Amino acid sequence: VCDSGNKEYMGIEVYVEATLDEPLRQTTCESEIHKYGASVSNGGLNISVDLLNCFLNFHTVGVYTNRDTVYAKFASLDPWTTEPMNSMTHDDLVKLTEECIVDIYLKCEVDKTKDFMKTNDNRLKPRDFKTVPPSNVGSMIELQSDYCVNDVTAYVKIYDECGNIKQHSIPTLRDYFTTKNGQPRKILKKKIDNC
């Protein structure tokens, strides 16, 4: 399956962390996946991600809320057993590395008629996060925020699914965006479930 070499098999993880201007209120949770994109509605925020000239599909959408912050993860899963499969031709991979845009849009949908949520979880500690390497490429993330968001952070990693079979894998593409100033490059490590 891995060279082969007719096609490349890539995976993607997009992480979004958004802190609102007040504690989160009680909401329902909806998520959807469509062609080259996905979105999640939870905690007063709709987070949408669409991939432009990346030729990759998401397979799962996870979301976690803690106090004033929504954490989302959009990711691919096993590339050979999951549909739709994330294989691309070599020209598509060239197009990706030259033109891929991870377009992220936050839209506030806070309903102040609902009570604040009571978080049963501990405050998050440096132990709940992992550091990530710095941005690899040229501003892959294009992120639009909204008025209820005090800070937002996004991270994308696009990687070779054959990286543990091949001796020389396609180099991972990564980008990191934040409105935070003076904070480490960190992402929630706690794995988070679907709605």
Side-chain angles (χ1 to χ4, degrees), residues 10-27 29 31 37-52 54 56 58 60-76 96-97 100-110 112 116-117 119-159 163 171-195:
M10 309 293 289
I12 180 162
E13 299 177 334
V14 177
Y15 166 89
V16 182
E17 172 187 331
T19 299
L20 303 196
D21 60 8
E22 62 165 7
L24 268 40
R25 293 159 192 275
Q26 296 177 48
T27 71
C29 194
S31 65
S39 73
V40 62
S41 174
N42 190 226
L45 209 53
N46 174 313
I47 300 160
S48 287
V49 178
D50 288 279
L51 310 169
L52 323 173
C54 312
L56 289 166
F58 295 123
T60 189
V61 177
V63 70
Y64 170 74
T65 59
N66 185 291
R67 271 152 172 77
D68 52 1
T69 301
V70 178
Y71 309 78
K73 169 162 164 72
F74 308 81
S76 55
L96 188 160
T97 183
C100 172
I101 290 170
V102 173
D103 174 77
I104 301 173
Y105 173 41
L106 283 78
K107 75 148 172 141
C108 294
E109 43 183 27
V110 173
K112 296 204 171 192
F116 295 106
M117 75 179 202
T119 309
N120 283 6
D121 284 354
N122 282 358
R123 297 180 48 78
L124 301 192
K125 314 270 210 45
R127 322 177 246 126
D128 303 287
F129 301 83
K130 56 171 174 182
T131 71
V132 290
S135 169
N136 227 337
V137 299
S139 99
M140 180 150 48
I141 297 163
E142 301 181 0
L143 187 141
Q144 185 177 318
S145 199
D146 202 4
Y147 70 92
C148 74
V149 176
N150 275 7
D151 276 304
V152 54
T153 297
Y155 174 70
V156 52
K157 168 159 45 84
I158 302 179
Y159 54 93
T172 297
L173 297 80
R174 42 172 78 83
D175 198 16
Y176 185 94
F177 174 89
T178 191
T179 64
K180 301 160 171 171
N181 277 297
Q183 314 300 306
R185 252 189 329 276
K186 63 182 195 39
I187 289 137
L188 189 70
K189 183 159 82 282
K190 179 208 218 73
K191 197 27 177 91
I192 64 183
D193 320 311
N194 307 141
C195 289

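All residue numbers in this chain count up from 1 along the given sequence.
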Exercise for review: Check the pair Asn46 / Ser41 against side chain to side chain donor-acceptor pair (under 3.5 Å), numbers first and verdict last.
Suggested key: CA-CA 4 Å; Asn46 174 313; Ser41 174; 4.9 Å; no
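- In this structure, the side chain of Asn194 engages the main chain of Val61 through a donor-acceptor pair within 3.5 Å.
- With no hydrogens or angles considered, a side-chain donor-acceptor pair links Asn42 and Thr27 at under 3.5 Å.
- With contacts defined as side-chain heavy-atom distances shorter than 4.5 Å, the pair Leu188/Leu124 qualifies.
- Side-chain contact between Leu96 and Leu56 is present, with at least one heavy-atom pair separated by less than 4.5 Å.
- Between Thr179 and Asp151, the side chains place a donor N or O and an acceptor N or O closer than 3.5 Å (distance only, hydrogens not considered).
- The side-chain heavy atoms of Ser48 and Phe74, taken from C-beta on, include no pair separated by under 4.5 Å.
- The closest donor-acceptor contact from the side chain of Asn136 to the backbone of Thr172 lies under 3.5 Å.
- Other residues, nucleotides and ligands contribute at most 12 non-hydrogen atoms within 6.0 Å of the CG atom of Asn122.
- Side chains of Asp50 and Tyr105 form no contact here, defined as non-hydrogen atoms less than 4.5 Å apart.
- Using a 3.5 Å distance cut-off with no hydrogens or angles, the side chains of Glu17 and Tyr15 do pair a donor with an acceptor.
- For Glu142, there are no salt bridge (charged side-chain N to carboxylate O under 4.0 Å, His left out) partners, not counting sequence neighbours.
- Screening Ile104, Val16, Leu143, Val156 against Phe177 for a side chain to side chain contact (heavy atoms under 4.5 Å, CB included) leaves a single residue, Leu143.
- Contacts classified as side-chain hydrogen bond (donor to acceptor under 3.5 Å, both in side chains) and involving residues 181-191 (residues at least two apart or in different chains) are not found.
- Using a distance-only test at 3.5 Å, with no hydrogens or angles considered, no donor-acceptor pair links the side chain of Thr153 to the main chain of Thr178.
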